[PDB]
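For reference, the structure discussed in these notes is given below.
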Amino acid sequence: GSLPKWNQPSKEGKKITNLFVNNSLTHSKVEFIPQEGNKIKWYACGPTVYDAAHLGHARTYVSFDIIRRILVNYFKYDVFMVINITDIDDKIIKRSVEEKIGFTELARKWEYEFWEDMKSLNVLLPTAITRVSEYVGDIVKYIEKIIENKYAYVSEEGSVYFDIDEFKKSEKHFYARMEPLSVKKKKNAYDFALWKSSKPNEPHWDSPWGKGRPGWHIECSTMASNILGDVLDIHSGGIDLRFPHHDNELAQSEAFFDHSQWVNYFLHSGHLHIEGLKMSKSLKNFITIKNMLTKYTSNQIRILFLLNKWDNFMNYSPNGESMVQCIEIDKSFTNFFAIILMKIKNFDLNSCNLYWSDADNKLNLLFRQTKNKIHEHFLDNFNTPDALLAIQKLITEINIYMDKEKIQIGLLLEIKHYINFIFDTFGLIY
Amino acid sequence: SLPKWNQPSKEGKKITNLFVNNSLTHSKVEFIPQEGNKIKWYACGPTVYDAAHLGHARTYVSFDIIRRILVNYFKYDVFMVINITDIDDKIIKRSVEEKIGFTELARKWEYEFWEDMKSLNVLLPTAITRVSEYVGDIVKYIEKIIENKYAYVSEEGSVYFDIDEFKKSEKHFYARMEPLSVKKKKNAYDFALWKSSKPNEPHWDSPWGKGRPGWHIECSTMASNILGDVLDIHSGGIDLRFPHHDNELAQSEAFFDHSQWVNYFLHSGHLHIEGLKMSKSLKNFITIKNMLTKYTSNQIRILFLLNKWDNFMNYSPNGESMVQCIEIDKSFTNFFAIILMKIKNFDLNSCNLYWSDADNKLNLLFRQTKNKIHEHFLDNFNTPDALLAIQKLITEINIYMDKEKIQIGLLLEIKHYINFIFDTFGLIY
Ligand SMILES: Nc1ncnc2c1ncn2[C@@H]1O[C@H](COP(=O)(O)OP(=O)(O)OP(=O)(O)O)[C@@H](O)[C@H]1O
Ligand SMILES: Nc1ncnc2c1ncn2[C@@H]1O[C@H](COP(=O)(O)OP(=O)(O)OP(=O)(O)O)[C@@H](O)[C@H]1O
Ligand SMILES: Nc1ncnc2c1ncn2[C@@H]1O[C@H](COP(=O)(O)OP(=O)(O)OP(=O)(O)O)[C@@H](O)[C@H]1O
Ligand SMILES: Nc1ncnc2c1ncn2[C@@H]1O[C@H](COP(=O)(O)OP(=O)(O)OP(=O)(O)O)[C@@H](O)[C@H]1O
Ligand code: NA
Ligand code: NA
Ligand code: NA
Ligand code: NA
Ligand SMILES: [Zn+2]
Ligand SMILES: [Zn+2]
C-alpha cells in the first residue's frame, strides 16, 4: 500500500557469507542471498556506442569489475554476467549522418574501442554480450507479450506505449519501485515507448505495428530475461540510471512475467565528478580513457577507484592532483614486490637459522589479523578503501621485518601469495 | 576401554560441510576449525640423510594439494609447520661412513629436499623447525612432562615416558589411533624422550646428563611451541600413525595435561612399487631428480591426483603408470593452446554475439561442472573425480570451440575457472 515491498530470498540451500550490499530496492544494506545455491545471475547496463568512453564510464565498469572479482575470486560465488551494447539509439543515428558512415559501422567502431579500453583497464569481459541490433526480433516478441498481458497499447502512428495506470492497478505490481517520488498519443504523460514508429531516413525494423525502433528501455528487459530468466540476482548501473531507466526495466519485466520481483539486488555506483559536476559528454568536462592511459597506468587508475567506495560519489581533481596518491601507492606496491622477491631469491637454507622467533610470531599475528580485517571489509558492502589500507599497513610491517630480522622464508612466501590473492581480486598486476 | 573424540563446536566457525578421513575416528567426519576459519597444521618432515624419492613426493605433494584446496578453494587460513629431522641415528651413521660432520650432511640433504619440493611445485610451510635449533626447548618440554609425573629418569641419564601412569588417568588414553599395536624401563612399551648419549655421539647438556632427543619428542615440542595446545590438523604417512604419531599425542597430552591435542589426524597412503612400499631400505626407490629427468612436474602431480590421497597406490615403473598421466597432461596442454588463441585472435568488430542455444548448453554444463567439483572436494578431497569432471568439460569445450560461433566472454570465464582448479591442483600451464 503506497510503498513498494521487497522479498528477501530464503537462506535454505543457499551459500551464506553474511555479505551485505547496498540494495537500491530497499535503500539500505541488506544481507545478500543467492536465488539458487552459490549462483549469481547478474545483468549490467552497457554503453551507448557512438563516441569514446571517458573516466566516468571507467569508474562504473571498473567498480563493478572489482565487485565481480570479490564475488568470484574471494567469496567463490558462481557469477553469470550479461552486458548489453546499445548500438541502436537516437545519438547513434544522429552521429552516423554527421560522420557519413553507416550506423552499424559507427556503432561497431565505438563498441570495439570500448572493449579495448576495458581490456586496457584489466576489466573482465562478461559471460555474454548482447547487442540491440541482434535482438530486435526478440524485442518484438517481448513487446507482444506485454500487450497480451494488457500492459501496453498501440497508438495510430504505429508506436507502442507502456500503460502505467493499468500496470499499477494490479495489486502485484508497483511502478517506480526505487524512485517512487520521481514520477497527445499517450493515455498519460508518464507512459513511455516500448516501440517507436520510425521517422524517415532512420534505420528501422519490421514489426506487427509498423516499421520502428526499440524504445529506450525495452532492450534491457528483453535481453536479460532471455538469457538470465525471470529472476536476476544482481542488476547494476550508474546511479543516474536508477530512474527512469531501471525502474522502467522492472515494470517491463514484471509485466512480461506477470510477477512482482524481477531483481533481488539492484546496485548503483556513484558518479565520478570533476570540479563538482558529473563527468559527462554534455558538459564537455570529460577525460577519455585513452587520454587517461597516456599519462597513467592501469594499476594507478584502478587504485583511484579502489580508494573510493563504489556506491559513493567521488571528486576527481585533474592535472594529476588525484593521481598523486595513486602513483605513490602503486610505486610502493612495485617496490615491495621488488624487495620481497629479492629477499626470497637470496635466502640461503644452508647457512641461515630457522628458529621461530618472537619477531616471526609477531609478523604472523599481524598477517592473520589482516586477513580477518579484509574479510570484514569485503562483507561490509565491498569496502575496498579500508581493505587497501589494511594491505598498505601490512606491507609497511613486512618491509621493516625484511630489513633487520632474520627472515622466515616460508612466512614471506605465504604473505606474498596472500597479497597476490588480494591484488588479483582488485585487478592489480605486479 | 575405547578412546573418545570431541568434535569442535560449530558456533563462530567457518562451515563448508567438508568431510575428511580422520584417523582418530577411523571414519569420515565433518571438518570444523577450532577458531574461525583458521587451520593450525603440523606435518612431519623428512630425515635429511639421503635423497628424497617418489614415495616422499607422494606424501608431500598430496598434502600440498589438500593445502591448496583448503586455502585457494575453500578460503581457510592455514598456518603450517614442517620439521626437519637433522639429528637422528640415521644421520649419525651416514655421517661417520662419509667422514663428514652431522650438520654438513643434514644441511646438504635438507637443501636438496626443498629443491625437490620446489621442482614439484610444492609450497613451503609457514615455519620450518629443525631439531638442532630446538634442543633446548625439547629439554624444557621433557622437564614439564616429568613434573606432571608422566616420565621418569633412568640411572644412565635417559628419560622414558611412563605409559602405565599415563593410561591410569581417566583423561588420557594411550595409542588413540592404533590401540591394538601395543630392562631399565618399568614396562617395555615405554619409549625414550631423552637418550643418554655415548660420549662419541653428538650430544647436548640437560638436567639428566648429556644426551639426544628421542625419536618422537621433537615433533611434540616444535608443534606445541608454535601452534599451541590444539592442532586443527596433523599429517603424515600411514607408517607414522603408530608408534610415532600416537606417541606424539601422549607426549603432548602429558605436557598440557589435557585429552585432545589434535582434532584431525590425516594419513596419506603409501606409494608402492611392485607391491612393496617404496623405501630406501628395500633399494626399490626412484629419486625425485631421477623422476624429473623422465617426466615433468605436471605429469608427476597428475599421477598423484589420479590416486586418492588416503588410499595406497601402486606405481608400475618403465612408464606404465605414467602413460595415463602423459595423455592427460597432453590433453590439458592442447585445450589451453586452442582456447588461448581463440581468445587472443577473437575480433569483436566482425563477430556476431547473439546468445545461442549452443552457448546456453555449454554454459549449463559449465555451471554443472562447478558443482560436481565442489562436491568432490567436500568428499574427502576426491581429486580423481574432480579431475575427471574437468576432463569431461574440456571434451565439450573442444567441440564448441572448433565449429560453433564462440562467445568470447564465456570462453574467458571457462579458462579462468579451469586455471583456478589447476592452481588448486598445483598444475602450471
Ligand atoms: N565453491 C562452490 N562452488 C559451487 N557450489 C558451491 C560452492 N560453495 C557453495 N556452493 C553451493 O552452496 C550450496 C549450499 O551449501 P553450503 O556450503 O552453504 O551449506 P548448506 O546450505 O548447509 O548445504 P546443502 O546445500 O547441502 O543443503 C550447495 O548447494 C553448494 O552447491
Ligand atoms: N561520470 C560518471 N561516473 C560514473 N559512472 C558513469 C558516469 N557517466 C556514465 N556512467 C555510467 O557509465 C555507463 C555508461 O552508459 P551510458 O548509456 O550512460 O553511456 P553514454 O550515453 O555513452 O555516456 P554519457 O552518460 O557520458 O552521455 C552507465 O552505467 C552510466 O551510469
Ligand atoms: N575468507 C575468510 N577469510 C578470513 N576469515 C574468514 C573467511 N571466511 C570466514 N572467516 C571467518 O570465519 C568466521 C565464521 O563465521 P561465518 O562468516 O562463517 O558465519 P557465522 O559463524 O554464522 O557468523 P559469525 O562469524 O558472525 O558468528 C567468520 O567470523 C570469519 O571470522
Ligand atoms: N613410499 C612412500 N609412500 C608414501 N609416503 C612415504 C613413503 N615413504 C615415506 N613416506 C613419507 O614421507 C615422509 C618421509 O619421512 P621419513 O622420516 O620416513 O623419511 P626417510 O626415513 O628419509 O625415508 P624412508 O621412509 O624411505 O626410509 C614421511 O611422511 C613418510 O611417511
Ligand atoms: Na499496485
Ligand atoms: Na535519475
Ligand atoms: Na584411560
Ligand atoms: Na606403523
Ligand atoms: Zn540498461
Ligand atoms: Zn614427526
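We label chains A, B, ... in the order they appear in the C-alpha cells, count residues from 1 in each chain, and number ligands from 1 in the order shown.
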
Using only C-alpha atoms and all ligand atoms, which residues have at least one atom no more than 8 Å from ligand 4? Output them as a ChimeraX atom specification.
/B:43-60,85,90,235-240,268-272,277-281,285

Contact set, chain B to chain A: 6 Å, only C-alpha atoms, as a CSV table (one decimal) with N, CA, C and O atoms, in the first residue's frame:
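Generated file (result06.csv):
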```csv
chain,number,residue,atom,x,y,z
B,107,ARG,N,72.5,-30.5,6.3
B,107,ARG,CA,72.2,-29.3,5.5
B,107,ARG,C,72.2,-29.6,4.0
B,107,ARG,O,71.4,-29.0,3.3
B,124,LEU,N,56.2,-24.2,0.2
B,124,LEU,CA,56.8,-24.2,1.5
B,124,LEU,C,55.9,-23.9,2.7
B,124,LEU,O,54.9,-23.2,2.5
B,125,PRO,N,56.1,-24.5,3.9
B,125,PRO,CA,55.2,-24.2,5.0
B,125,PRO,C,55.5,-22.8,5.6
B,125,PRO,O,56.5,-22.1,5.2
B,126,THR,N,54.6,-22.4,6.5
B,126,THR,CA,54.8,-21.1,7.2
B,126,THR,C,56.1,-21.1,8.0
B,126,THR,O,56.8,-20.1,8.0
B,127,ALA,N,56.4,-22.2,8.6
B,127,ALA,CA,57.6,-22.3,9.5
B,127,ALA,C,58.3,-23.6,9.3
B,127,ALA,O,57.6,-24.7,9.1
B,349,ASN,N,34.8,-6.7,-33.6
B,349,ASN,CA,34.3,-5.8,-34.6
B,349,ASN,C,33.4,-6.7,-35.6
B,349,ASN,O,32.4,-6.2,-36.1
B,409,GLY,N,33.4,-14.0,-24.1
B,409,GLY,CA,33.3,-13.9,-22.6
B,409,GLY,C,33.2,-15.2,-22.0
B,409,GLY,O,33.8,-15.5,-20.9
B,410,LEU,N,32.3,-16.1,-22.6
B,410,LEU,CA,32.1,-17.4,-22.0
B,410,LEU,C,33.4,-18.2,-22.0
B,410,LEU,O,33.7,-19.0,-21.1
```

Close residues, residue 336 (chain B) itself excluded, 12 Å, only C-alpha atoms, min 2 positions apart in chain, as a list in words
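Once the adjacent positions are removed, what remains is residues 329, 330, 331, 332, 333, 334, 338, 339, 340, 341, 342, 343, 344, 394, 397, 398, 401, 411, 412, 414, 415, 416, 418, 419, 422, 428 and 429 of chain B.
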
Which residues of chain B have any atom within 8 Å of an atom in ligand 1 when counting only C-alpha atoms and all ligand atoms, and what is the closest pair of atoms for each, with the distance in Å to one decimal? Order the rows by chain and rising number and write it as a tab-separated table.
```
residue	atom	partner	partner_atom_place_in_ligand_line	distance
B:15	CA	ligand 1	17 (O)	7.0
B:16	CA	ligand 1	17 (O)	4.8
B:17	CA	ligand 1	17 (O)	5.9
B:73	CA	ligand 1	1 (N)	6.9
B:74	CA	ligand 1	1 (N)	7.0
B:370	CA	ligand 1	4 (C)	5.3
B:371	CA	ligand 1	4 (C)	4.4
B:372	CA	ligand 1	4 (C)	7.7
B:373	CA	ligand 1	3 (N)	7.5
B:374	CA	ligand 1	3 (N)	5.0
B:375	CA	ligand 1	31 (O)	7.2
```

Shell around residue 177 (chain B) at 7 Å using only C-alpha atoms, local window under 2 positions removed, as JSON, numbers by chain
{"B": [23, 24, 175, 179, 241, 246]}

Once DSSP has gone over the backbone, tell me which residues of region 108-334 of chain B are in helix (DSSP H, G or I), as a PyMOL selection string.
chain B and resi 108-119+131-133+135-147+163-168+179-181+217-227+238-256+288-292+297-305+322-334

As a ChimeraX atom specification, please: all residues of region 48-205 of chain B that backbone DSSP puts in strand (DSSP E).
/B:77-84,127-130,151-153,159-161,192-196

With C-alpha atoms retained, export the selected residues as an mmCIF file, in the first residue's frame.
```
data_model
loop_
_atom_site.group_PDB
_atom_site.id
_atom_site.type_symbol
_atom_site.label_atom_id
_atom_site.label_comp_id
_atom_site.auth_asym_id
_atom_site.auth_seq_id
_atom_site.Cartn_x
_atom_site.Cartn_y
_atom_site.Cartn_z
ATOM 1 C CA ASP B 77 43.518 -19.641 6.732
ATOM 2 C CA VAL B 78 46.256 -22.283 7.090
ATOM 3 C CA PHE B 79 49.261 -21.899 9.434
ATOM 4 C CA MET B 80 51.537 -24.840 8.616
ATOM 5 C CA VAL B 81 54.715 -26.112 10.272
ATOM 6 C CA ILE B 82 57.069 -28.793 8.958
ATOM 7 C CA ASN B 83 60.039 -30.083 10.921
ATOM 8 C CA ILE B 84 63.433 -31.149 9.612
ATOM 9 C CA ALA B 127 57.582 -22.304 9.503
ATOM 10 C CA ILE B 128 60.465 -24.783 9.224
ATOM 11 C CA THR B 129 61.662 -26.214 12.539
ATOM 12 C CA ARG B 130 64.995 -28.026 12.789
ATOM 13 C CA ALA B 151 58.054 -39.598 32.692
ATOM 14 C CA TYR B 152 60.954 -40.952 34.732
ATOM 15 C CA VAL B 153 64.756 -40.838 34.664
ATOM 16 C CA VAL B 159 64.226 -40.232 30.283
ATOM 17 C CA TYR B 160 61.351 -42.582 29.436
ATOM 18 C CA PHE B 161 57.645 -41.907 29.008
ATOM 19 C CA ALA B 192 62.620 -42.609 25.288
ATOM 20 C CA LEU B 193 62.070 -38.868 25.494
ATOM 21 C CA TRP B 194 65.803 -38.320 26.110
ATOM 22 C CA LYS B 195 68.568 -40.786 25.212
ATOM 23 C CA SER B 196 71.778 -40.791 27.218
#
```

List the spatial neighbours of residue 64 (chain A) as a PyMOL selection string - criterion: any atom at most 9 Å away, only C-alpha atoms, same-chain residues fewer than 5 positions off excluded.
chain A and resi 44+59+69+236-237+269+310

Kindly export the residues of the current selection with N, CA, C and O atoms, as a compact mmCIF listing (two decimals), in the first residue's frame.
```
# COMPACT_ATOMS: atom_id res chain seq x y z
N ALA A 44 24.25 -6.03 -16.23
CA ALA A 44 24.76 -4.68 -16.05
C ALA A 44 24.56 -3.90 -17.33
O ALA A 44 24.90 -4.39 -18.42
N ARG A 59 34.88 4.42 -14.20
CA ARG A 59 34.62 4.26 -12.78
C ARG A 59 33.53 3.23 -12.54
O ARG A 59 33.65 2.40 -11.63
N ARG A 69 35.08 -9.48 -9.12
CA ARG A 69 36.26 -10.23 -8.71
C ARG A 69 36.19 -10.63 -7.25
O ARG A 69 36.68 -11.70 -6.87
N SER A 236 22.86 -3.93 -12.22
CA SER A 236 23.78 -2.87 -11.84
C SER A 236 23.76 -1.74 -12.86
O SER A 236 23.18 -1.86 -13.94
N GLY A 237 24.35 -0.62 -12.46
CA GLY A 237 24.46 0.53 -13.32
C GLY A 237 24.89 1.73 -12.51
O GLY A 237 25.03 1.66 -11.29
N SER A 269 26.40 2.36 -8.76
CA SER A 269 27.67 3.01 -8.49
C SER A 269 27.48 4.52 -8.44
O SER A 269 26.63 5.09 -9.13
N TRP A 310 32.47 2.25 -3.82
CA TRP A 310 31.87 2.13 -5.14
C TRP A 310 30.53 2.85 -5.24
O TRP A 310 30.19 3.37 -6.31
```
